[PDB]
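The chain contents come next:
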Amino acid sequence: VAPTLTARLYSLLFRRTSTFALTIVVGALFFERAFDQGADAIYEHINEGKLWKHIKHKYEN
Amino acid sequence: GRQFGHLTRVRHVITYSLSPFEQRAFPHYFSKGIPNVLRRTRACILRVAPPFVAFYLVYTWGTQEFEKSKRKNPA
Amino acid sequence: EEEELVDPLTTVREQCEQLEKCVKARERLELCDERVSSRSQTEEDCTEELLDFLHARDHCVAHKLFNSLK
Amino acid sequence: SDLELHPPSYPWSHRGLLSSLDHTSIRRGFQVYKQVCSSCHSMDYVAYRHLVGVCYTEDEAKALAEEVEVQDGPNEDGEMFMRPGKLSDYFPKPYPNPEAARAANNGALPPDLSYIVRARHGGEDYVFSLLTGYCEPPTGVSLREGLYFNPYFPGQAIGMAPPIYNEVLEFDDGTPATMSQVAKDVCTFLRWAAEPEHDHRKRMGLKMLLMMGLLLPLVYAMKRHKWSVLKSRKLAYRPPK
Amino acid sequence: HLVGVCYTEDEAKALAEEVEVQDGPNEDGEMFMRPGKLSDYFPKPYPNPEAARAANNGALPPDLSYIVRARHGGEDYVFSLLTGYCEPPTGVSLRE
Amino acid sequence: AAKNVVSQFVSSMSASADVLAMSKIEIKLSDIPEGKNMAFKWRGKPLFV
Amino acid sequence: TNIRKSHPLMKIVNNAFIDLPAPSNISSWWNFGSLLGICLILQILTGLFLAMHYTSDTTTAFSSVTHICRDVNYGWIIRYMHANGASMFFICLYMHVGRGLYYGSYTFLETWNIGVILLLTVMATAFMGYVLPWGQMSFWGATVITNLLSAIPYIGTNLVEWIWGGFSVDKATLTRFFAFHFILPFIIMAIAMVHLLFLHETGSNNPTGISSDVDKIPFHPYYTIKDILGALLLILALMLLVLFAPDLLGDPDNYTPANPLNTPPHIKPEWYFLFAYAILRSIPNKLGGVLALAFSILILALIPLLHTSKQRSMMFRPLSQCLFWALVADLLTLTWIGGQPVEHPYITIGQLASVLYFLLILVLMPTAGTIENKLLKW
Ligand code: HEM
Ligand code: HEM
Ligand code: HEM
Ligand SMILES: COC1=C(OC)C(=O)C(C/C=C(/C)CCC=C(C)C)=C(C)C1=O
Ligand SMILES: COC1=C(OC)C(=O)C(C/C=C(\C)CCC=C(C)C)=C(C)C1=O
């Protein structure tokens with residue numbers, strides 16, 4: 001579940017340049033989302049000055 | 001121009017190489033690595049460092065003289 | 001104005017203005033202040049000693065100020 | 001006159017590399033701009049719609065624009081009438097020709113606010129130290145009774161009167177309008193009008209650092225892997241005899 | 001522009017002096033009147049295009065500076081227009 | 001990263017001080033007699049009534 | 001046969017980035033050539049997008065620049081990438097020239113001389129760039145600079161007025177500067193290709209200054225990826241600048257709209273000309289100042305004639321290394337002085353540093369080479 005691990009990745013997906021590409025493109029899609037939200041939340045925590053205040057003013061529309 | 005096979009004449013030199021997939025990208029990286037940078041530093045400080053401190057000094061003095069000059073006691 | 005609003009500036013400035021570095025600078029202020037008063041045809045005008053005092057005070061101002069400000 | 005003093009380092013809430021603005025503080029600072037500053041200060045580059053994403057909401061921003069009159073385009077007669085105020089307009093108001101500022105305040109112009117923080121040397125600090133740090137003229141230096149005193153000013157002969165303790169305000173929820181407090185907010189807002197992109201940039205900058213911290217080692221390892229062949233290559237010289 | 005063409009320095013100055021322009025602001029932020037240089041142009045009639053309409057009625061006497069080159073037929077279109085005014089034939093009433 | 005820089009440069013060619021769309025013009029009907037097509041300027045576009 | 005090797009178009013690529021025999025030992029310092037390549041394209045790309053909203057009229061010049069940063073989607077990064085990229089272009093330019101000097105690379109006369117033309121061209125390019133926003137520093141910078149040309153005897157007044165398009169830096173002058181700032185980078189590129197054309201007759205030099213025909217490697221795995229890793233490092237530097245400190249190298253005054261009556265007490269160039277600026281004002285003369293200003297740049301064309309050492313690089317020459325580092329240190333002094341008023345200390349130190357610059361390149365460095373030869377019994 002470790003030597004055979006990168007071995008499977010190579011066997012099932014990296015051998016052909018076909019899959020290799022398909023995997024990084026499928027891998028670019030998910031990663032974008034995970035990095036975006038994941039980094040927004042880090043930018044979110046170190047702050048709390050912007051639109052956390054929204055709950056007040058709005059709603060009264 | 002240039003090309004390979006038309007560069008120059010070389011004789012009696014063997015070159016053993018190993019595939020990148022069989023060796024490590026960072027062998028003794030910190031082990032052999034850091035000693036080398038210190039050694040490269042020793043080799044060059046006396047040639048790089050001095051000119052710069054001469055400026056560092058001329059800079060701090062130069063600033064002090066200027067700022068201290070726009071002040072005055074008698075007359 | 002006359003009496004009613006507590007300026008944090010004024011509050012923290014007191015404690016600040018006091019302190020060592022500023023005591024000394026204000027000393028020269030007053031020293032030089034009283035020289036210029038004591039004459040007529042002079043021009044050594046005390047502009048400098050004021051700024052030095054202010055610097056020392058103001059550095060300490062910034063460091064201790066904003067903490068309380070809401 | 002040819003002698004000067006430099007501002008301290010105030011701990012603004014947007015001083016850090018990855019530090020947002022206090023958007024509640026930009027509000028009150030806009031309020032400070034609206035009444036006090038506005039009568040003399042032109043903020044030609046900011047508009048009402050600019051505030052929407054920042055502090056207020058659609059509705060609130062509309063309303064604030066509606067509390068002024070603009071001078072809208074011509075109709076059939078070749079006119080020039082007045083309109084409530086959109087969201088589309090900007091904040092150009094004080095007075096037309098630059099000479100009118102002079103005629104009023106006296107041969108001096110309250111320099112436009114929209115770009116101040118970024119145009120001084122020292123940012124909000126210069127302005128904060130100016131506004132808050134007003135003082136009294138020492139020995140032998142008389143002025144011209146329109147030339148007030150400020151240590152944080154080139155030459156120290158300034159044409160602006162100290163307008164920070166005139167306690168106005170609508171700190172909605174409840175914030176005391178001391179000289180200090182109105183000054184932080186007015187500068188916090190000014191930072192924003194000079195650099196509206198401020199926050200978003202630091203969010204990208206955060207991401208730039210995280211991406212680089214992931215990319216840098218990886219590209220390095222890619223390159224070392226390919227350079228391997230050369231780094232461990234061994235040579236031998238074997239001449240005849 | 002007229003100097004090299006028809007008139008002389010002096011004459012051209014004078015013709016500009018027979019109007020008033022609305023020169024730049026001074027100390028108070030003003031907008032006063034000036035005799036007329038040589039430097040100014042001929043923009044005068046009225047400001048907004050809508051004023052032409054308000055006057056002549058929903059119509060603008062199109063700017064003259066580029067007319068000859070903007071019609072189709074040059075001076076001929078304009079000459080034939082100006083000179084060749086006539087009377088409305090049968091059944092076609094106008095709007096006074 | 002490539003997406004983001006490319007997307008940003010692509011986006012730079014859309015909005016601006018072009019969010020306008022206010023208009024909502026109120027038109028007086030008695031100004032247009034029978035058989036006439038009166039054109040107005042609405043949201044930067046010609047509006048026929 | 002292959003496809004890369006034979007196709008008319010691909011040949012060029014192959015012969016320049018794939019099979020090109022490169023020395024196996026070139027280090028970072030050799031990366032600045034590709035980095036200048038990237039900076040050139042980066043300047044062109046962000047430069048084009050800015051031109052899609054920028055107005056070349058004094059009435060709206062500043063406003064259009066402001067319009068870009070607030071209203072245009074992502075207009076601000078594009079604007080700062082442009083501004084900061086111009087600085088990145090000068091840091092790389094300076095590394096590149098210095099690398100050439102230390103290493104003896106200038107012995108490739110045509111390549112190097114073309115390089116001098118490339119330096120002048122991006123300099124002329126960046127100067128015109130800075131005037132475009134029509135800030136106080138743009139206008140007074142434009143003023144102080146152009147007016148230098150009025151020191152040229154008998155022709156100077158007419159020359160300055162000819163490029164001005166009037167008696168001052170006005171309407172005619174801004175639009176003018178836009179056009180030239182648009183066309184110059186394309187010409188630069190054609191010249192960068194001729195630069196690379198001459199470079200190809202010999203291939204690259206290397207740290208030892210000794211010929212490397214004996215150990216060349218393909219540019220094809222080794223230098224493609226090393227240039228890649230290096231461009232990533234250029235991006236870091238640029239982005240660090242633009243997403244955290246976009247005005248750090250900028251002057252807060254170019255933020256106040258041009259005012260032909262208001263002369264700022266300041267008045268200094270963008271940092272990349274500060275050393276030349278310092279050399280210029282060190283001279284109590286109108287003609288001499290500009291004669292020596294010019295000579296502080298055109299001297300790079302005299303360098304190959306002043307090579308005196310029997311070795312090419314400085315790797316094996318200690319005395320020469322010290323003199324080189326004193327040149328770089330002297331250039332810090334020059335920029336520092338150039339960014340300071342012409343009052344106390346500053347006048348005499350900036351005056352002596354100017355003499356040193358020319359004493360170093362013109363007399364000291366050559367003399368060292370002769371001495372070094374002698375120590376080696378050569
Ligand atoms: C709290 C709101 C205000 C702020 C933040 C503000 C800020 C500033 C700043 C930053 C400057 C330029 C500093 C410099 O040149 O280095 C300035 C100049 C000036 N302002 Fe204000 N101001 C405000 C309200 C006013 C008001 C109400 C007036 C009308 C009395 C006024 C009249 C002036 C004048 C005349 C100057 C020009 C001074 C000179 O250069 O001679 N300002 N202001
Ligand atoms: C648009 C500006 C320039 C561009 C695009 C440019 C591009 C390049 C490139 C791609 C290389 C090959 C790789 C390298 O060594 O870096 C190179 C090498 C060289 N360049 Fe430039 N460069 C420019 C400005 C200069 C300047 C300012 C000089 C000096 C006057 C210069 C003189 C040289 C020389 C002598 C070499 C050979 C260096 C060696 O092989 O050791 N070029 N340049
Ligand atoms: C043909 C490609 C280029 C185009 C189309 C271009 C266009 C522009 C435009 C429209 C401006 C005014 C907008 C602004 O100030 O941000 C500008 C400013 C400037 N550009 Fe370029 N430029 C190009 C290449 C260059 C090059 C090669 C340089 C030299 C490194 C350069 C350095 C500058 C500088 C220093 C400024 C003024 C500083 C600032 O950003 O405010 N640009 N350019
Ligand atoms: C007003 O501020 C200034 C600049 O910013 C606008 C400059 O750029 C320069 C120097 C500029 C150049 C092009 C010198 C090179 C001349 C030749 C003949 C190669 C100076 C001195 C300066 O004072
Ligand atoms: C063997 O030495 C060389 C390198 O290794 C230091 C390079 O990295 C490059 C890189 C040059 C590029 C990518 C072209 C850019 C030019 C333009 C006009 C865009 C060249 C030419 C070279 O000869």
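Conventions adopted
- Residues numbered from 1 in each chain as written, not as in the entry; some residues may be left out.
- Chains lettered and ligands numbered in written order.
- Part of a larger assembly, values for the part shown.
- Heavy atoms only, no water.
- Residues with missing side-chain atoms left out of burial classes, pairs and counts.
- Helix = DSSP H or I, 4+ residues; strand = E, 2+ residues; numbered from the N terminus.
- Rg over C-alpha atoms; globule rule 2.2 N^0.38 Å.
- Contact = heavy atoms within 4.5 Å.
- Buried area = accessible area lost by both parts, 1.4 Å probe.
- Salt bridge = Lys/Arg side-chain N within 4 Å of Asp/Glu carboxyl O.
- Nonpolar A, V, L, I, M, F, W, Y, C, P; charged D, E, K, R; others polar.
- Patch = residues over 30% accessible without salt bridge, like charges linked within 9 Å, V, L, I, M, F, W, Y side chains within 5 Å.
- Areas by Shrake-Rupley, 256 points an atom, 1.4 Å probe, with all protein chains shown as cover.
- Buried < 20%, exposed > 50% of the residue type's maximum accessible area, 1.4 Å probe, protein only.
- Polar contact = N/O pair within 3.5 Å; in protein donor to acceptor, adjacent residues only side chain to side chain.
- Near = heavy atom within 4 Å.
- Core = buried A, V, L, I, M, F, W, Y, C linked by side-chain atoms within 4.5 Å.
- Disulfide = S-S within 2.5 Å.
- Donors = N, O, S within 2.8 Å, 3.2 Å for Na, K, Ca; no water.
- Tetrahedral: all angles 85-135°; square planar, octahedral: opposite > 155°, others 65-115°.
- Pairing = 2+ DSSP bridges.
- 1 Å grid on protein atoms, 1.4 Å probe; cavity = no way out; pocket = protein on both sides within 12 Å on 5 of 7 lines; lining within 4 Å.
- Points joined across faces, edges and corners; volume = space filled by probe spheres on them.
- UniProt positions renumbered as here; feature names shortened; annotations may be inferred.

- X-ray crystallography is the method the PDB entry lists for this structure, together with a resolution of 2.60 Å.

### Thoughts on the overall build of chain A
So, step 1. A count of helices and strands for chain A gives 2 helices and 0 strands.
So, step 2. The C-alpha atoms of chain A give a radius of gyration of 21 Å, which is well past the 10 Å a tight globule of 61 residues would have.
So, step 3. Along the longest, intermediate and shortest principal axes, the C-alpha atoms of chain A span 60 × 25 × 15 Å.

### Considerations on the interface of chain D and chain E
So, step 1. At the interface, 11 residues of chain D touch 11 residues of chain E.
So, step 2. Of the roughly 750 Å² buried at the junction of chain D and chain E (both faces included), carbon and sulfur atoms supply 50%.
So, step 3. Our count for the contact surface shared by chain D and chain E stands at 0 salt bridges.
So, step 4. A breakdown of the residues in the side of chain D that touches chain E according to their chemical character gives 4 nonpolar, 3 polar and 4 charged.

### Considerations on a nonpolar patch on the surface
All names here are of chain A.
So, step 1. On the surface, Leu 5, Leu 9, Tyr 10, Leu 12, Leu 13, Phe 14, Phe 20, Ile 24 and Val 25 cluster together into a nonpolar patch covering about 850 Å² of accessible area.
So, step 2. Of all the secondary-structure elements, those providing two or more residues to the nonpolar patch are helix 1 (3–14) and helix 2 (17–45).
So, step 3. Counting residues per element, the nonpolar patch draws most heavily on helix 1, which supplies 6 residues.
So, step 4. Inspection of the secondary structure puts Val 25 in helix 2.

### Some words on the environment of G:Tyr106
Residue and element names in this part refer to chain G.
So, step 1. Structurally, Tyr 106 is set in the loop between helix 4 (75–103) and helix 5 (109–131).
So, step 2. Of the residues examined, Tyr 106 reaches a relative accessible area of 4% and is grouped as buried.
So, step 3. Between the C-alpha atom of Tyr 106 and that of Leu 300, which follows or precedes it by 194 residues, the distance is 9.0 Å.
So, step 4. The residues touching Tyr 106, leaving out its near neighbours within four places in the chain, are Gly 100, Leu 101, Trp 112, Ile 303, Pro 304 and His 307.
So, step 5. Side chain to side chain, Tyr 106 and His 307 meet in a polar contact 2.5 Å long.

### Re the site of ligand 3
All names here are of chain G.
So, step 1. Residues in close proximity to ligand 3 total 23 residues, the closest being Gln 43, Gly 47, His 82, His 181 and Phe 182.
So, step 2. Between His 181 and ligand 3, the recorded distance is 2.8 Å, taken from a side-chain N or O atom to a nitrogen atom.
So, step 3. Elements represented by at least two residues in the shell around ligand 3 include exactly helix 2 (32–51), helix 4, helix 5 and helix 8 (171–200).
So, step 4. A per-class count over the shell around ligand 3 returns 16 nonpolar, 6 polar and 1 charged.

### Examining the nonpolar core
So, step 1. Ranked by internal contacts, the top residues of the largest apolar core, which has 118 residues, are G:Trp134, G:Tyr223, G:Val242, G:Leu243 and G:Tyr357.
So, step 2. Looking at which element gives the most residues to this core, the answer is helix 9 (residues 219–244) of chain G, with 15 residues.
So, step 3. Look past the residues within four positions of G:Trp134 in its chain and what remains in contact with it is G:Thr58, G:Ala61, G:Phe62, G:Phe139, G:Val169, G:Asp170, G:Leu174, G:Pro257 and G:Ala258.
So, step 4. Counting 48 residues, the second-largest nonpolar core is a separate cluster that includes D:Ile26, D:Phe128, D:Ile164 and D:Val186.

### Here we look at the state of the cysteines
So, step 1. Applying the stated criterion to the full structure yields 1 disulfide over all chains.
So, step 2. With its sulfur 2.0 Å from that of its partner, C:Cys16 forms a disulfide with C:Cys60. With a gap of 44 residues between them, C:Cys16 in helix 1 (residues 8–18) and C:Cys60 in helix 3 (residues 47–64) connect regions that are remote in the sequence. In this pair, the class of C:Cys16 matches that of C:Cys60, namely buried.
So, step 3. Of all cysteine sulfurs, the one in G:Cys322 lies closest to B:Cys44, which takes part in no disulfide; the gap is 11 Å.

### Topic: the interface of chain D and chain G
So, step 1. On the side of chain G, 39 residues touch chain D, which itself brings 36 residues to the contact.
So, step 2. At the boundary of chain D with chain G, total buried surface from both sides reaches about 3300 Å², with 71% on carbon and sulfur atoms.
So, step 3. By the criterion of area lost to chain G, the three top residues of chain D are D:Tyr45, D:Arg118 and D:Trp227, representing 21% of everything that side buries.
So, step 4. Applying the counting criterion to the chain D and chain G interface returns 3 salt bridges.
So, step 5. D:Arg49 serves as the salt-bridge partner of G:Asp71, at 3.2 Å between the closest nitrogen and oxygen.
So, step 6. Element by element, the count of residues in the side of chain D that touches chain G is highest for helix 8 (residues 198–231) of chain D, at 19 residues.
So, step 7. Looking at side-chain class alone, the side of chain D that touches chain G contains 22 nonpolar, 5 polar and 9 charged residues.

### A short note on the coordination of the iron atom of ligand 2
Residues and elements named next belong to chain G.
So, step 1. Distances from the iron atom of ligand 2 to its protein donors, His 96 (NE2) and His 195 (NE2), fall within 2.2 Å.
So, step 2. Taken together, the 6 donor atoms coordinating the iron atom of ligand 2 and their angles of 81 to 176° define a geometry best described as octahedral. Of this pair, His 96 sits in helix 4 while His 195 sits in helix 8, and the two are 99 residues apart along the sequence.
So, step 3. Given the relative accessible area of 18%, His 96 is considered buried.

### Concerning the pairing of strand 1 (residues 39–42) of chain F
Residues and elements named next belong to chain F.
So, step 1. Sheet topology note: the strand 1/strand 2 (residues 45–48) ladder contains 4 bridges and is antiparallel. Residue pairing in the sheet places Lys 41 in a bridge with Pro 46 of strand 2.
So, step 2. Hairpin connection, strand 1 to strand 2: the antiparallel pair is bridged by 2 residues, and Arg 43 has positive phi, about 55°.

### Description of the site of ligand 5
Residue and element names in this part refer to chain G.
So, step 1. Among the 13 residues in the neighbourhood of ligand 5, the closest are listed as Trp 30, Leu 199, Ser 204, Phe 219 and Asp 227.
So, step 2. Side-chain polar atom of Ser 204 to an oxygen atom of ligand 5: 2.7 Å apart, as the coordinates give it.
So, step 3. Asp 227 is positioned such that a nitrogen or oxygen atom in its side chain is 2.5 Å from an oxygen atom of ligand 5.
So, step 4. Relative to its unbound accessible surface of 590 Å², ligand 5 loses 82% to contact with the protein.
So, step 5. Taken together, the elements giving at least two residues each to the shell around ligand 5 come down to helix 8 and helix 9.
So, step 6. Ranked by the residues each element gives to the shell around ligand 5, the list is headed by helix 8, at 4 residues.

### Some thoughts on empty space enclosed by the protein
All names here are of chain G.
So, step 1. Estimated volume of the largest cavity: approximately 150 Å³.
So, step 2. Residue composition of the lining of the largest cavity, by class: 8 nonpolar, 5 polar and 1 charged.
So, step 3. By volume, the second largest cavity amounts to about 90 Å³.
So, step 4. Contributing to the lining of the second largest cavity are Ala 278, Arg 281, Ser 282, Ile 337, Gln 340, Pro 341, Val 342, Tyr 346, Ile 347, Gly 350 and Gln 351.
So, step 5. Breaking the lining of the second largest cavity down by element, the ones donating at least two residues are helix 10 (274–281) and helix 13 (346–375).
So, step 6. Top contributing element to the lining of the second largest cavity by residue count: helix 13, with 4 residues.
So, step 7. Among the residues forming the lining of the second largest cavity, the class breakdown is 6 nonpolar, 4 polar and 1 charged.

### A closer look at the UniProt feature "transmembrane region" in chain A
So, step 1. Mapped onto the present numbering, the UniProt feature "transmembrane region" falls at residues 21–46 of chain A.
So, step 2. What you have in residues 21–46 of chain A is 96% helix and 0% strand, and the ends, taken at the C-alpha atoms, are 36 Å apart.

### Focus: the coordination of the iron atom of ligand 3
All names here are of chain G.
So, step 1. Those protein atoms acting as donors to the iron atom of ligand 3 are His 82 (NE2) and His 181 (NE2), and they sit at 2.1 Å.
So, step 2. Its 6 donor atoms give the iron atom of ligand 3 angles of 83 to 179° at the centre, a pattern that matches the octahedral case. Of the two residues, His 82 sits in helix 4 while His 181 sits in helix 8, which places them 99 residues apart along the sequence.
So, step 3. Judged by relative accessible area, which is 17%, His 82 ranks as buried.
So, step 4. Using a relative accessible area of 18% as the deciding quantity, one classes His 181 as buried.

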